[PDB]
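When we count neighbours, we look across all protein chains shown, and the Cβ atoms used for this are built from the backbone with ideal geometry, even at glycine. No lab work stands behind these numbers, since they all come straight from the coordinates.
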Amino acid sequence: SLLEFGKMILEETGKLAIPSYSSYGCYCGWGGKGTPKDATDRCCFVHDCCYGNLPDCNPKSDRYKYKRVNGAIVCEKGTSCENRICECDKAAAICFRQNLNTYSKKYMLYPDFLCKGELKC
Ligand SMILES: O=C(O)Cc1ccccc1Nc1c(Cl)cccc1Cl
């Protein structure tokens, strides 16, 4: 659930989901359209796509359980949705951590009209 994802984000990046990644680029936080502005934005695009593979699940609200083995993220067994949701978020966190070096504040609160074009998952 959104509640777990943000905590995962924070642990991973030292940054707070809101407002650091809640309105970043064209896909972080609301997704929809356009060309991902950068690596961080790309993580969100993939992440939206990931959630997209689970039409019959509820990513924002279904809670899952996970643990850290030394500093690794390990999703604990739950319902199938729960397991695939977790794998989706885990990927996004690692991705964020992997591009923190190019995170740019000029993409915070990015305006909608500056996101043109569809991109397929
Ligand atoms: O992919 C992301 O960076 C995050 C993301 C994607 C889809 C929907 C919500 C969020 N984030 C989000 C979070 Cl992480 C907390 C509170 C409110 C919102 Cl809208």
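Counting the residues of the range 5-36 that are at negative phi, near the ligand (Cβ under 10 Å from one of its atoms) and buried (at least 17 other Cβ atoms within 10 Å of the Cβ) gives 10.
Beta carbons closer than 9 Å, at least 6 apart along the sequence or on distinct chains, pair a first residue in the range 54-67 that is without any contact (Cβ under 8 Å) to a residue 12 or more places away in the chain with a second that is part of a loop (DSSP other than H, G, I, E, B) for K67/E76.
Entry remark, the range 56-92: residues being small (G, A, S) and within 16 Å of the ligand (Cβ to nearest atom) number 3 in total. Taken over the range 11-53, the residue count meeting the criterion of being assigned to a loop (DSSP other than H, G, I, E, B), in contact (Cβ under 8 Å) with a residue 24 or more places away in the chain and touching a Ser or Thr at 6+ places or on another chain (Cβ under 9 Å) is 4.
Say whether the condition of being touching a helix residue (DSSP H, G or I) at 6+ places or on another chain (Cβ under 6 Å), of a type outside the set (D, E) and more than 15 Å from the ligand (Cβ to nearest atom) is met by at least one residue in the range 37-55. The answer is no; no qualifying residue exists.
Looking at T79, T40, can you tell me which residue is of a type in the set (S, T, N, Q) and surrounded by 16 or more Cβ atoms within 10 Å (Cβ to Cβ)? Exactly one residue qualifies, and that residue is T40.
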